[PDB]
Protein chains: 2
Amino acid sequence: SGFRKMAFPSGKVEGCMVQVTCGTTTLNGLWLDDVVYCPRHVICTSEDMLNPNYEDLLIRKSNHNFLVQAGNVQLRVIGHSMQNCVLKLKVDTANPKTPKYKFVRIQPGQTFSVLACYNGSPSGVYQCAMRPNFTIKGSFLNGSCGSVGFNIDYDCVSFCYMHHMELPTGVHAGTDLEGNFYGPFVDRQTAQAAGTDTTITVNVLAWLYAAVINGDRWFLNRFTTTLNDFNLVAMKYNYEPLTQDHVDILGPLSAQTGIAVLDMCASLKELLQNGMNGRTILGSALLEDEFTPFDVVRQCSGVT
Amino acid sequence: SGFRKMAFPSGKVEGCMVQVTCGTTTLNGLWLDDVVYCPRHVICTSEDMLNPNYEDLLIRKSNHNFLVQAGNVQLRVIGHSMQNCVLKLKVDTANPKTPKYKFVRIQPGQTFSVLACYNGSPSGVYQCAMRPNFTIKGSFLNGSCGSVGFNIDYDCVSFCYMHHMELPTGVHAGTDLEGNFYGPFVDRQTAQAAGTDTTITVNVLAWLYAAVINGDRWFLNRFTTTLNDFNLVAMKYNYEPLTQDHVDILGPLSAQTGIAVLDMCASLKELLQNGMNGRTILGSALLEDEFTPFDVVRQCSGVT
Ligand SMILES: Cc1ccncc1NC(=O)Cc1cccc(Br)c1
Ligand SMILES: Cc1ccncc1NC(=O)Cc1cccc(Br)c1
């Protein structure tokens with residue numbers, strides 16, 4: 001029992017972190033096999049970031065300008081290329097600590113762990129969700145660029161995020177491991193609109209199921225609702241509309257607790273319309289949307 | 001910017017986890033140098049747990065009864081001893097992945113990361129506080145016993161907790177790495193009173209400082225208070241009385257923000273007396289007490 005915002009064990013990812021320096025800029029790189037991946041803005045000075053011409057800035061750089069240090073040791077760079085917003089530095093040595101890995105583009109509303117790093121050194125690990133508007137509300141400071149987000153399925157690390165930027169609003173933006181930004185962002189020091197965000201309804205329902213499993217049940221009521229009725233309330237409260245695909249992924253939690261998904265929707269409806277009345281659910285005084293149904297099952301069954 | 005409940009990177013601790021089996025019971029062990037530490041209740045059956053005579057139960061066990069497996073490989077047990085509520089199994093091989101480490105007994109109100117494990121395999125990492133009543137509100141299931149809590153100071157892991165038990169209230173109890181329980185608990189299947197808990201005042205103030213640093217400042221007011229006046233409010237709201245030692249550790253945060261500690265106390269006083277009025281601070285709708293002043297400084301400066 002108990003339910004926490006749990007991150008994946010970060011060890012497999014710590015073994016891949018390196019520091020990449022190009023000129024006066026230092027950030028984090030991810031060393032997998034014989035390639036180091038890092039944000040392409042490592043080639044910019046502060047002056048360049050207002051409107052960088054990355055193709056031109058990269059043409060002035062040679063393999064020997066990219067200083068890659070794996071803690072104690074220096075890596076020899078034998079190739080460089082830009083793919084979207086990431087640089088790929090081919091090194092002459094495959095990382096001996098490379099775990100089994102995949103590069104995946106996650107969907108908005110999915111969660112992942114972030115290993116925040118500075119100068120190629122891991123500082124901390126936290127779990128977060130990719131917001132429906134493709135931003136993440138992380139904890140990142142200058143030098144954290146190149147820190148990665150990931151999930152783990154037994155021995156396989158699926159890398160889904162590389163940190164690039166903090167928006168003027170204090171929220172975070174980055175790319176998949178092929179250098180494609182999540183959302184409409186560009187790697188430039190320009191104010192950029194993040195879309196209207198929404199609350200991840202299916203995650204809130206999964207978390208209400210986690211609450212019932214762990215003994216917090218005051219919010220259960222004698223009511224039920226329909227997808228249509230629930231979606232009118234979801235609309236009013238800026239929640240994602242619930243679909244049958246979301247109901248389907250909540251099936252295991254509905255089966256484990258015996259609480260039909262639409263009955264849990266009626267509890268969520270009442271919580272939206274009435275608030276918490278000064279009470280808490282799993283130590284929170286608000287509706288939590290950073291746990292997916294898979295996260296709740298994994299945490300509630302003890303998956304390693 | 002941004003502020004998250006960040007755990008330490010767990011890699012150094014993942015390399016120490018092993019599975020320990022004695023008869024029909026399997027739990028986690030911590031392998032450091034040539035010793036494996038685990039909860040002594042690994043020697044009990046379910047029948048034994050109602051009132052175990054650990055000295056007698058351990059006398060029926062030999063070195064060969066303790067099956068220790070470090071993932072793939074079996075460790076050869078050449079000695080066993082009980083120290084308080086932990087067993088120490090001497091193995092013939094020093095763990096090659098042993099990090100620089102210390103065993104420390106943490107104070108109530110201090111925080112640490114937990115690497116939750118099952119069958120010697122890490123499942124997740126989360127940050128938590130040792131409650132003033134010496135319980136922890138973790139996320140643990142059957143098989144998690146032997147999972148450890150720790151802090152890291154550059155390359156040194158200070159192990160402070162080993163999980164033993166879930167109280168009938170769903171909260172967690174365990175020991176330091178010398179097998180001494182935190183709090184009044186005993187390793188027996190008996191209902192046990194955890195003391196009256198309190199909110200960790202110095203941590204809430206540190207978190208209010210983290211909020212101001214990260215832009216959440218609506219709660220700042222035109223008031224100040226005294227330690228005596230603040231402590232009357234702390235008393236009413238079941239918060240730990242604030243002392244000069246707590247004011248002193250908040251000095252760096254007071255200096256960084258220019259907000260005197262007693263002025264932050266007056267904001268906390270108003271929040272206690274009025275609530276949040278439906279607003280949030282750092283994404284929370286309640287007053288958070290799981291960040292120490294050191295945690296806030298570390299997170300807000302980017303320490304690796
Ligand atoms: C200072 C900071 C804090 C947190 N995360 C990231 C940062 N750094 C930046 O945002 C630098 C930067 C500026 C403009 C475009 C790009 Br791409 C990168
Ligand atoms: C089932 C579970 C869940 C979470 N953490 C721990 C557990 N396991 C236990 O508490 C088993 C146990 C029973 C009585 C005394 C002692 Br010492 C240990």
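These values consider heavy atoms only, across backbone and side chains, with no hydrogens, waters or symmetry-generated copies. In what follows, chains carry the letters A, B, and so on, assigned in the order in which the sequence lines appear, proteins first and then strands, with residues in each chain numbered from 1. Atoms within a ligand are numbered from 1 in the order they appear, just like the ligands themselves.
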For each nitrogen or oxygen atom of ligand 1, which protein N/O atoms lie closer than 3.5 Å, and how far apart are they, rounded to 0.1 Å?
residue, atom, partner, partner atom, Å
ligand 1, 5 (N), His163(A), NE2, 2.7
ligand 1, 10 (O), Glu166(A), N, 3.0

Exercise for the section: Can you spot which of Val157(A), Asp176(A), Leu177(A) makes a side chain to side chain contact (heavy atoms under 4.5 Å, CB included) with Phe103(A)? Expected result: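 The option that passes is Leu177(A).
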Practice task
Identify the residue among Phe185(B), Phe181(B), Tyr37(B) that makes a ring pair (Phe, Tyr, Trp, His ring centres under 6.0 Å) with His164(B).
Solution key: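 The residue from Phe185(B), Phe181(B), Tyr37(B) that satisfies ring pair (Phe, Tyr, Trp, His ring centres under 6.0 Å) with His164(B) turns out to be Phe181(B).
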Handout entry: Check: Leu141(B) main-chain N/O paired with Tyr118(B) side-chain donor or acceptor under 3.5 Å
Key =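 Checking the backbone N and O of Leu141(B) against the side chain of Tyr118(B), a donor-acceptor pair under 3.5 Å is found.
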Problem - Among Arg4(B), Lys137(B), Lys5(B), the one residue meeting salt bridge (charged side-chain N to carboxylate O under 4.0 Å, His left out) with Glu290(B) - result: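 The residue from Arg4(B), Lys137(B), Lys5(B) that satisfies salt bridge (charged side-chain N to carboxylate O under 4.0 Å, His left out) with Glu290(B) turns out to be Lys5(B).
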Handout entry: Smallest separation among heavy atoms of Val36(B) and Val68(B), with atom names
Key =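 Minimum heavy-atom contact is CG2-CG1, 4.0 Å.
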Practice task
Indicate the ring-plane relationship of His172(A) and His163(A), choosing parallel, tilted or perpendicular according to the 30° and 60° boundaries.
Solution key: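 Ring orientation of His172(A) relative to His163(A): perpendicular.
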